[PDB]
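Q: need a structure here:
(chains A, B, C, D, E, F, G, H and I, ligands or ions: 8)
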Amino acid sequence: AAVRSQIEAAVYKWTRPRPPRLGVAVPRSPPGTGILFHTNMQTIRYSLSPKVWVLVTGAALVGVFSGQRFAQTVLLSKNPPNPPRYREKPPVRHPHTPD
Amino acid sequence: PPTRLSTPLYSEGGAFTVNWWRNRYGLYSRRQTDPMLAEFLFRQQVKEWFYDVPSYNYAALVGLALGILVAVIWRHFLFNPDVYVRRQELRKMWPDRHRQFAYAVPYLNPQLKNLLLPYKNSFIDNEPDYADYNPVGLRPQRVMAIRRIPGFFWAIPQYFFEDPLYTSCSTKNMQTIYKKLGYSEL
Amino acid sequence: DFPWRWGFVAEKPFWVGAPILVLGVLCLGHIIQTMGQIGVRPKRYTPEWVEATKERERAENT
Amino acid sequence: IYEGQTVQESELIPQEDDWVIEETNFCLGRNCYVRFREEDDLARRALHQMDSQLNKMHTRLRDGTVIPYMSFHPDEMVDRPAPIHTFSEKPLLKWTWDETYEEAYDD
Amino acid sequence: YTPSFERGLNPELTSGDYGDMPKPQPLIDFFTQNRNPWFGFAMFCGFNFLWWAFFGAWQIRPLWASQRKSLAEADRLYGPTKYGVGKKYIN
Amino acid sequence: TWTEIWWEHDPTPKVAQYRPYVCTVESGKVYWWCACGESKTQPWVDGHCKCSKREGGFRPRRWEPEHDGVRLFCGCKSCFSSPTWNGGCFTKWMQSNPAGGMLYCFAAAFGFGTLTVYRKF
Amino acid sequence: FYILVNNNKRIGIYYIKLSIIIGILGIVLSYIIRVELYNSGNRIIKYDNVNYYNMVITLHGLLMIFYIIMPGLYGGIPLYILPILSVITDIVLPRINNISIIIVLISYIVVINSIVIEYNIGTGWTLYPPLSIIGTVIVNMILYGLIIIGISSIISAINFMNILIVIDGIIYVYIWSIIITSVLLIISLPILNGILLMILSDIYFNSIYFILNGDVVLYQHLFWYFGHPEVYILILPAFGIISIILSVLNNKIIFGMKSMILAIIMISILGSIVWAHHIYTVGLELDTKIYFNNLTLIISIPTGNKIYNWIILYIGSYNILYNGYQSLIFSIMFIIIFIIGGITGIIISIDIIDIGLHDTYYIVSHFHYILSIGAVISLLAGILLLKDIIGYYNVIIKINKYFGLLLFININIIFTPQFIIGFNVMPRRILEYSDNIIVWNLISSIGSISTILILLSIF
Amino acid sequence: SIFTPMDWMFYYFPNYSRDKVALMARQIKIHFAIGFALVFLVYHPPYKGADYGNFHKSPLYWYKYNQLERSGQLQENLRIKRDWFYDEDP
Amino acid sequence: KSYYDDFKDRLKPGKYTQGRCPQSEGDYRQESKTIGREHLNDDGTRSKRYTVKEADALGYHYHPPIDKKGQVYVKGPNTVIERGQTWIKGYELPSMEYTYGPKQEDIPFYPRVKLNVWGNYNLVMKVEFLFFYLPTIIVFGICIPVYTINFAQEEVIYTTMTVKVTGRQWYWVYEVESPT
Ligand code: HEA
Ligand code: HEA
Ligand SMILES: CCCCCCCC/C=C/CCCCCCCC(=O)OC[C@H](COP(=O)(O)OCCN)OC(=O)CCCCCCC/C=C/CCCCCCCC
Ligand SMILES: [O-][O-]
Ligand SMILES: [Cu+2]
Ligand SMILES: [K+]
Ligand SMILES: [Zn+2]
Ligand SMILES: [Zn+2]
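A: Numbers count the residues shown, from 1 in each chain, chains lettered A, B, ... in the order given. Ligands and ions are numbered 1, 2, ... in the order given. The coordinates are given below.
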């Protein structure tokens, strides 16, 4: 539990997002400007920060392929060698051959 | 893209330029009734269609498709032994059409056919070389490729030397097995 | 503003009605298509014909 | 690509410290099938339909200007249902440019 | 069905007086839709179709039992030889 | 993260719970949802939180069900489909505890990988 | 008046009304086909009346293509909104617009009358010779209907092209969709007329084009030189509708408008040069096959760009807006369904795959997913969007989640199994089949009866 | 420009892109010539491309070949696993 | 609350199927005799005489609307002079309760919001490039396989036997070389 909190606090500190490098030409907000809008505005989707998104998405990818390996090695089985192919007698006549 | 009509638009010389396009854009237009309005509408169209980055992708696709199309048409007329535009050979019975028979073998062996036929082993598991040998000589003898076709062929190993069963599935081993039984010649 | 049939259907939760309706429509379709073949017994589906086909498959290695 | 109108920081500076974003409802109201009176005849039911047009509605802002019902295409600008003759006065598509001429001004 | 009052992760935020407003409930209620019998029938209905969609109805099996025993005997006695697990399948 | 790093002029809620609230709702009745996370009658406005007092840009969120039933409601106060829940509560939790988020995502992906591989193989 | 009216909006209503009427006959024929195919044996058609089945499949195809979907998506919605989108008072050619709808009705009456009076035989909707030219008079009557229909199509195309001369606003994507379909008609129809005249010459004028020393494969070239442009003349108006619905309902400006427009132009040019993918199994030259296969796969590029531009239109739209409206659901369903149909089209485009899948029910399911599902739903979605403007009532469709769900589920029950039997394999244009294909055929038949029942609930 | 984002062409080559109409024409012409050349220089050339003794063997081919050669896998892979049809019944 | 109860009074249930009495009880097909209603039937629908038999577009009841001075009646605006300025008061449509019925109260709030636009030009351009060229790559990935398989079907093989197959209505004829 001590190690759990340690790694949890280590990940958290590293992932805290930095301000975005805006790829758009917007003004600077006037200084001292607080909340102007309200919560009835059309909801804006809550998006993970890039670092966090990579971490969880990477955990998902590592998870699905490790799950694929677990199924392949434990749940599934390999083909045993094919049965020996011995000479066998074919039927004497085709069932539809006129007599 | 300038926003003021006072600032001129640069044009190259030639048959497809900004000046060439201006001369012809308003030929059938009822809306370009004076210089100011005509220029405004002209720049509006140029801004919308020629300063649109994704539009250039379609220009590439039309050129590529049309180039292939023109060439395949031309190739049939110029080289296909079965397409006749001249009449000398069509005024003779089939056994006498020597000039047209000259197109036959060269047309039967295009470069890409020789280059890509060896890669049939990426589509056939058993005896991919079943049709390689031919004693007549109209076409070259075929040798199976050493690598899988690049792209979506992940189901087969990248190189056939990596595959364990490749050699045992060849038409040569299959011929050995069946010839040992007296079953067939091939 | 709607007739009885729609007032009845539209009153229920969609995921209560929808699943039942899907099965019902499918069942009715099968019932309709079975009415014209009640008692029809083709000879090729009898056990004797079923065995004979197995014999043909064995001979032909189908 | 279009990314909205450009804003200069000077235009974002309030004239009072209590200014917030105006909370005006842009939901026009509660509607349903247009309900005609039985007493009304064909002519008077036509008047009723003409008075229930959503595209004739607007929202008035705090300064008295109104933001109208707007649409990307002119299909939503005719009366619903569409009358026999719709655009008697040619709809005007307003283009903007920076050109000007002296005759329009006076000193 | 007189559902229970689930306080949640932060019980202090559910400690007020709800009055007429509904109180939070356990998640089993959401899956059962408050143990509505018609939703249970609808749930059973959803499984029934999906089983038909992927594997077939499997409701015809009791009726097909005798005719699946005749098909199995024919395949074994007269059909082409099956090897290993292949003998499990009859067509 | 729109309120956290991109835009500083929208009200920012407090997370009441990183799990949805399950409630029975009735058609024809209007419900008011807390958008600040400080109400003591979650998921509803209690008359004493920011939303009720119209303070700091917080207002109650009107909601009305089409049919009767049990519906999930947002506890994180940031779900895209708020007041209803769509999974944003888990997403917002991962932002706040990225190490935990990875554990759950790995476990979910592990199960999905095993089942899909076991059936297809 | 009723028949004399020249109002472009009234004529648009007439086109939709007539498409539904003629559509009833189309659906009935489809029910006959699926009923027959429920098991092996004869079910509703006698073995001595097998010629009727051949006629049923022939008329089904012809009516649904030329008398239902084309009059509905290229005549109905276009004649009602195009002059409004163009901010013009009315259509450029009023009198021509009137005669076009009358022509369609008259050609329909000729076709159905030929069912009643002539001997019932069939040769497919593709009227391949020599079979088409050794038939009875019903084939002659069908030819007259097609030629008459061709007149209406071309004059309507001329009508839409004239909008460029009068348009007072901006050419929206939808307007571009109709204009390009009109161009495709002006260039493809004259070739069709010529080959149809040659079919008539062999039927009625003792011509010998389709007898030995005359190449029957010639017909297939000229027919399909119109055939494939036809499938895009039927889909492009649907694409135009989808663009309007997604932008309007999501309150989002079309993204990549110029790429949408240039994608439509590209599809048309390419669609005019790929026809021989319908003739892969005849025995064409290797280089021809490779050309056509290559160019056929290229059409996916412009078609793919449009699909992804639609997706981003729906992405990001406000959650508060109710998304259960039937028009929105149908528009979204079109993207999901069209991708299935197109991908299977790319599969059949590979000629070697096509050898196995030509003249099999895989081809059926392919073009049904695009037309019977995609095009129908697009026309429904477009009419639904214009319900207030058109003003029709007495139906429960606008908000009906049951109808959409039941339709989607059951339509897939019909045609998804037809992909399976394509590798079984069950040929097309047949009524009897081996007993080991009953399961899938039965499932699809159960789907057909169910879909019909759902059509009654709208009233 | 082939497989080129034209936004990049506009930025890095401003003078070459000044006339956007002419730029569009070159785009069409360049890709037209590419398609034409492929048919008559890659497909058409007769009696060419049949040198199967010159199959290109890339650096990756040799890396994987030598690895298997070093071990016995290459010999084992090439060995014929079965050259008889019937097993012997005891 | 139930909004239907607010305007229940206006909706009086009907008596006749399709809202008309049998023609015998009242002849709705005839033109109304009421003054000023000569263009309407008794039930209020337009009479066939007005619309078909004597339609003005066909030259019946010729009455040019425009007067000598090229003018037609036009209704003026509601003008209100005030504060040394002439104002026009616009016509506001009646309450939606009057036209639709529901009482206009407890309306859900939908705030003003400018159009939802995609930003970051550079990012958008790259996506559009991918929207076009990812399919192009896939097509190119199929091209080489397509050529190879086509070449394979059309391969000159050393065939040693010929079977001729003719298709007739409705049977298949087969011609095969007979052993010598
Ligand atoms: C409107 C109807 C319509 C539409 C749009 C199409 C579209 C296409 N069709 Fe068509 N087709 C028909 C109607 C239609 N078809 C009909 C009715 C027949 C049979 C006529 C008869 O024989 O009697 C037929 C027959 C038919 C055949 C004949 C098969 C045979 O005879 O055995 C072929 C094969 O080439 C074909 C191919 C295609 C292709 C390659 C497309 C393309 O347009 C598909 C393009 C779409 C996509 C590819 C999906 C969307 C794009 C993406 C998702 C991008 C990513 C995808 C890739 C990179 C591949 N069609
Ligand atoms: C767009 C044209 C169209 C449409 C809608 C349909 C719809 C359907 N078709 Fe289609 N069909 C064809 C065109 C169409 N078909 C063609 C061209 C052929 C090949 C002909 C040939 O082989 O020669 C064919 C072949 C064909 C066969 C092959 C028979 C054979 O040759 O062996 C079968 C049965 O399996 C079938 C079944 C169906 C079914 C069950 C429906 C539908 O009933 C499915 C259910 C959907 C609905 C019932 C809704 C339809 C509603 C409308 C069309 C009206 C829309 C009007 C407005 C919206 C105003 N069709
Ligand atoms: C105006 C002054 C008077 C002019 C009088 C001209 C009279 C004759 C005109 C005849 C028609 C025009 C073509 C003339 C061709 C003359 C040379 C000639 O005989 O060419 C023969 C040659 C093949 O002859 P054979 O040996 O029989 O076949 C061998 C196996 N294939 O045929 C040709 O080259 C002519 C036919 C094709 C003409 C067009 C060129 C081919 C490509 C067409 C591409 C079409 C797509 C679009 C192209 C757009 C522009 C790039
Ligand atoms: O036809 O595609
Ligand atoms: Cu085609
Ligand atoms: K049958
Ligand atoms: Zn609150
Ligand atoms: Zn939440």
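Q: for residue F:16, give its distance to ligand 7.
A: As for residue F:16, its distance to ligand 7 is 9 Å (criterion: C-beta to the ion, to the nearest Å). In this view, the C-beta of every residue, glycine as well, is placed from N, C-alpha and C.
Q: show me the helices in chain I, by range?
A: I:48, I:96-100, I:121-153 (DSSP state H).
Q: closest to chain D out of those?
A: Closest approach to chain D among the helices of chain I (C-beta to the nearest C-beta): helix I:96-100, 3.9 Å.
Q: report whether that closest one contacts chain D.
A: Yes. Using C-beta under 8 Å from any C-beta of the partner chain as the criterion, contacts between helix I:96-100 and chain D involve I:96, I:99, I:100.
Q: just give the nearest non-adjacent residue to the residue in chain I that ligand 3 sits nearest to, would you?
A: Proximity of chain I to ligand 3 (C-beta to the nearest ligand atom) peaks at residue I:154, 18.3 Å away. Excluding the flanking residues, the one nearest residue I:154 by C-beta to C-beta, 6 or more residues apart in numbering or on different chains is residue G:286, at 4.3 Å.
Q: quick one: the one you found and residue I:155 touch, right?
A: No. Look at residue G:286 against residue I:155 with C-beta atoms under 8 Å: they stay out of range, at 9.8 Å.
Q: how about the residue of chain C most remote from its centre: what's its closest non-neighbour residue?
A: Here chain C reaches farthest from its C-alpha mean at residue C:1, the gap being 36.3 Å by C-alpha atoms, centre = their mean. Spatial nearest neighbour of residue C:1, chain neighbours left out: residue D:33 (6.6 Å); criterion: C-beta to C-beta, 6+ apart.
Q: so how far is ligand 7 from the one you found?
A: 37 Å.
Q: again, but for residue B:149
A: In terms of C-beta to the ion, residue B:149 sits 63 Å off from ligand 7.
Q: tell me the angle the host helix or strand of residue G:348 makes with helix I:121-153.
A: Under the criterion of DSSP states H and E, residue G:348 resides in helix G:326-349. Put simply, helix G:326-349 runs at 40 degrees to helix I:121-153, going by axes from the mean of the first three to the mean of the last three C-alpha atoms, to 10 degrees.
Q: quick one: is helix G:326-349 near chain B?
A: No. Helix G:326-349 stays clear of chain B (C-beta under 8 Å from any C-beta), getting no nearer than 13.1 Å.
Q: what about stretch D:70-89, how long is it end to end?
A: 18 Å (C-alpha to C-alpha, to the nearest Å).
Q: can you list contacts of it?
A: D:49-50, D:53-55, D:69, D:91, G:7, G:9, G:80-81, G:84-85, G:87-89, G:169, G:172, G:244, G:247-248, G:253, G:386, G:388-391 (C-beta atoms under 8 Å, 6 or more residues apart in numbering or on different chains).
Q: what subset of those residues is buried?
A: D:49, D:53, G:7, G:9, G:80-81, G:84-85, G:87-88, G:169, G:172, G:244, G:247-248, G:386, G:388-390 (16 or more other C-beta atoms under 10 Å in any protein chain shown).
Q: element containing the spatially most central residue of chain A?
A: Central residue of chain A (C-alpha atoms, centre = their mean): residue A:60, 3.4 Å from the mean position. If you go by DSSP H and E, residue A:60 is part of helix A:50-70.
Q: and that helix, what does it pack against?
A: On a contact count with 3 or more C-beta pairs under 8 Å, 6 or more residues apart in numbering or on different chains; DSSP states H and E, helix A:50-70 meets helix A:2-15, helix F:88-96, helix F:98-120.
Q: closest to residue B:123 out of these?
A: helix F:98-120 (23.1 Å; C-beta to C-beta).
Q: give me the distance from stretch F:112-121 to the chain's centre.
A: With C-alpha atoms, centre = their mean, to the nearest Å as the basis, stretch F:112-121 stands 31 Å off its chain's centre.
Q: repeat that for stretch G:23-41.
A: Using C-alpha atoms, centre = their mean, the offset of stretch G:23-41 from its chain centre is 19 Å.
Q: tell me if that stretch is near chain E.
A: No. On the criterion C-beta under 8 Å from any C-beta, stretch G:23-41 is out of touch with chain E, staying 15.2 Å away.
Q: if I look at the nearest residue to residue I:164 once chain neighbours are set aside, how far off is residue I:160?
A: Residue nearest to residue I:164 in three dimensions, not counting chain neighbours: residue I:175, with 4.0 Å by C-beta to C-beta, 6+ apart. Residue I:175 sits 17 Å away from residue I:160, going by C-beta to C-beta, to the nearest Å.
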